[PDB]
Amino acid sequence: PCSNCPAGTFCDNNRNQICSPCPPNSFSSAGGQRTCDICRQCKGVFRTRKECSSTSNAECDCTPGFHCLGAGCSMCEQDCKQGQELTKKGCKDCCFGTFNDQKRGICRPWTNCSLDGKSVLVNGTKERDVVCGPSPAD
Amino acid sequence: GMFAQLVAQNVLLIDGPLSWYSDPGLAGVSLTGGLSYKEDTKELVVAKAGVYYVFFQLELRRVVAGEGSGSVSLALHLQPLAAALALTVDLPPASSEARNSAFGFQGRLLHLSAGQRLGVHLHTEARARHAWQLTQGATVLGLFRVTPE
Ligand SMILES: *[C@@H]1O[C@H](CO)[C@@H](O)[C@H](O)[C@H]1NC(C)=O
């Protein structure tokens, strides 16, 4: 019986089974729910993307300078530093043979001096890139 | 009958009393006759005196990967009468293993007066007070009667 009322409403088993609007902060997204579920609050590192509505639950982004990590944005990881690439659930430290210098930069392979006819003056690392140059010709 | 359950309204970690959702029709809250929640001082009132079983729930999640540690303490203070209920949850530090969750449960029989006001104060001592928040809907102060009537 209490089933016929749509999303955004519930039926209380007090107040004789009737359908009523949801409490000020709450949502019901489906069917004959006996209760309006609590809206997610986005605070701290979280910023509210979609505000709380009776039909749809709220969604949380993170603070500028951060990024979401996890399924429903369960965590917030600080934007990774040089020599780091976001691994989609975790931030690896670059990769062996590659480099990234940037806040948000993606780790990219080193410059190849063999194709330019020169040789490595300074070998590369995670943070910096190979700088080529002539060999010890003197 | 006589019983109640309230879901904590608060999310972040800040010292001082906790707000609660008293409205039936919310997910996990139940409020029956003889018990009202005062939205001014954030303390629910038990009209009829007796012996009650009061249980405590605290669940915390790590919202920032790599930061946070310390302890988060919860205490249930009796207004008209120092700590009737004590639950101290520890937050693990960031390690190779991932522990993002911390939980605790406390309960015991309490004798409540007529018009006794009950409230929960949150006091947390942590390294980074951020990076750890209360899980929404998982923090609950329950009550149900024992003494017959
Ligand atoms: C640069 O470092 C890599 C990583 O160990 C190494 O394999 C490579 O031989 C180095 N370059 C040269 C010219 O030795």
# chains A, B, ... in the order shown; residues from 1 in each chain; ligands from 1

$ interface_residues --of "chain A" --to "chain B" --cutoff "7 Å" --atoms "only C-alpha atoms" --output "ChimeraX atom specification"
/A:12,35-38,44,74-77

$ residues_around --residues "residue 24 (chain A)" --least-positions-apart "3" --cutoff "10 Å" --atoms "only C-alpha atoms" --output "PyMOL selection string"
(chain A and resi 21+27+38-39+52-54) or (chain B and resi 23)

$ residues_near_ligand --ligand "ligand 1" --cutoff "8 Å" --atoms "only C-alpha atoms and all ligand atoms" --output "list in words"
residues 96, 97, 119, 120, 123, 124 and 125 of chain A

$ write_last_selection --atoms "C-alpha atoms" --output "PDB file, in the first residue's frame"
ATOM      1  CA  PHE A  96      61.344   3.594 -13.897  1.00  0.00           C
ATOM      2  CA  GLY A  97      62.807   5.246 -16.993  1.00  0.00           C
ATOM      3  CA  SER A 119      75.118  11.527 -25.389  1.00  0.00           C
ATOM      4  CA  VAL A 120      73.836  11.993 -21.849  1.00  0.00           C
ATOM      5  CA  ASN A 123      71.198  11.092 -16.495  1.00  0.00           C
ATOM      6  CA  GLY A 124      67.517  11.453 -15.701  1.00  0.00           C
ATOM      7  CA  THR A 125      65.496  10.869 -12.547  1.00  0.00           C
TER       8      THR A 125
END

$ residues_around --residues "residue 80 (chain B)" --least-positions-apart "4" --cutoff "9 Å" --atoms "only C-alpha atoms" --output "PyMOL selection string"
chain B and resi 113+115-118

$ write_last_selection --atoms "N, CA and C atoms" --output "PDB file, in the first residue's frame"
ATOM      1  N   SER B 113      16.802  10.431  35.970  1.00  0.00           N
ATOM      2  CA  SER B 113      15.799  11.117  36.765  1.00  0.00           C
ATOM      3  C   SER B 113      14.629  11.546  35.881  1.00  0.00           C
ATOM      4  N   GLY B 115      12.849  14.221  33.821  1.00  0.00           N
ATOM      5  CA  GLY B 115      13.332  15.403  33.139  1.00  0.00           C
ATOM      6  C   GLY B 115      14.835  15.480  33.022  1.00  0.00           C
ATOM      7  N   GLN B 116      15.524  14.342  33.082  1.00  0.00           N
ATOM      8  CA  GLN B 116      16.976  14.328  32.985  1.00  0.00           C
ATOM      9  C   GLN B 116      17.407  14.637  31.558  1.00  0.00           C
ATOM     10  N   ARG B 117      18.279  15.629  31.407  1.00  0.00           N
ATOM     11  CA  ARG B 117      18.794  16.012  30.101  1.00  0.00           C
ATOM     12  C   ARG B 117      20.103  15.279  29.827  1.00  0.00           C
ATOM     13  N   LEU B 118      20.197  14.660  28.653  1.00  0.00           N
ATOM     14  CA  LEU B 118      21.371  13.895  28.251  1.00  0.00           C
ATOM     15  C   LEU B 118      21.982  14.532  27.011  1.00  0.00           C
TER      16      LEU B 118
END

$ atom_distance --atom1 "CA of residue 133 (chain A)" --atom2 "CA of residue 116 (chain A)"
9.4 Å

$ residues_around --residues "residue 118 (chain A)" --least-positions-apart "4" --cutoff "10 Å" --atoms "only C-alpha atoms" --output "ChimeraX atom specification"
/A:112-114,131-135

$ atom_distance --atom1 "CA of residue 124 (chain B)" --atom2 "CA of residue 79 (chain B)"
21.1 Å

$ residues_around --residues "residue 56 (chain B)" --least-positions-apart "2" --cutoff "8 Å" --atoms "only C-alpha atoms" --output "JSON, numbers by chain"
{"B": [54, 58, 87, 104, 105, 106, 107, 139, 140, 141, 142]}

$ write_last_selection --atoms "C-alpha atoms" --output "compact mmCIF listing (two decimals), in the first residue's frame"
# COMPACT_ATOMS: atom_id res chain seq x y z
CA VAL B 54 22.07 3.74 26.73
CA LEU B 58 31.33 6.35 16.99
CA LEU B 87 34.23 6.12 24.61
CA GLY B 104 33.91 2.01 19.03
CA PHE B 105 30.84 0.98 21.01
CA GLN B 106 29.88 1.69 24.61
CA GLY B 107 26.81 0.81 26.65
CA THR B 139 27.27 7.98 15.01
CA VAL B 140 24.28 7.12 17.20
CA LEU B 141 23.13 7.71 20.78
CA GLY B 142 20.49 5.10 21.57

$ residues_around --residues "residue 35 (chain B)" --least-positions-apart "5" --cutoff "9 Å" --atoms "only C-alpha atoms" --output "list in words"
residues 2, 3, 4, 44, 45, 46, 47 and 48 of chain B

$ write_last_selection --atoms "N, CA and C atoms" --output "PDB file, in the first residue's frame"
ATOM      1  N   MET B   2       8.935   2.551  25.349  1.00  0.00           N
ATOM      2  CA  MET B   2       9.879   3.610  25.691  1.00  0.00           C
ATOM      3  C   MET B   2      11.245   3.255  25.126  1.00  0.00           C
ATOM      4  N   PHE B   3      11.727   4.067  24.185  1.00  0.00           N
ATOM      5  CA  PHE B   3      13.031   3.890  23.556  1.00  0.00           C
ATOM      6  C   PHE B   3      13.255   5.043  22.590  1.00  0.00           C
ATOM      7  N   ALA B   4      14.520   5.249  22.224  1.00  0.00           N
ATOM      8  CA  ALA B   4      14.863   6.276  21.252  1.00  0.00           C
ATOM      9  C   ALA B   4      16.214   5.959  20.632  1.00  0.00           C
ATOM     10  N   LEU B  44      18.661  15.641  24.574  1.00  0.00           N
ATOM     11  CA  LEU B  44      17.359  14.998  24.655  1.00  0.00           C
ATOM     12  C   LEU B  44      16.956  14.805  26.111  1.00  0.00           C
ATOM     13  N   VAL B  45      15.647  14.806  26.350  1.00  0.00           N
ATOM     14  CA  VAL B  45      15.086  14.774  27.694  1.00  0.00           C
ATOM     15  C   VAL B  45      14.301  13.484  27.877  1.00  0.00           C
ATOM     16  N   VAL B  46      14.454  12.867  29.044  1.00  0.00           N
ATOM     17  CA  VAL B  46      13.701  11.678  29.427  1.00  0.00           C
ATOM     18  C   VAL B  46      12.705  12.102  30.496  1.00  0.00           C
ATOM     19  N   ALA B  47      11.413  12.049  30.162  1.00  0.00           N
ATOM     20  CA  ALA B  47      10.391  12.533  31.083  1.00  0.00           C
ATOM     21  C   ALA B  47      10.207  11.583  32.261  1.00  0.00           C
ATOM     22  N   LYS B  48      10.022  10.295  31.983  1.00  0.00           N
ATOM     23  CA  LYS B  48       9.716   9.315  33.017  1.00  0.00           C
ATOM     24  C   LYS B  48      11.012   8.711  33.547  1.00  0.00           C
TER      25      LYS B  48
END

$ residues_around --residues "residue 77 (chain B)" --least-positions-apart "2" --cutoff "8 Å" --atoms "only C-alpha atoms" --output "JSON, numbers by chain"
{"B": [75, 79, 82, 83, 84, 85, 118, 119, 120, 121]}

$ closest_residue --among "A:29, A:40, A:73, A:2" --to "residue 16 (chain A)" --atoms "only C-alpha atoms"
A:2
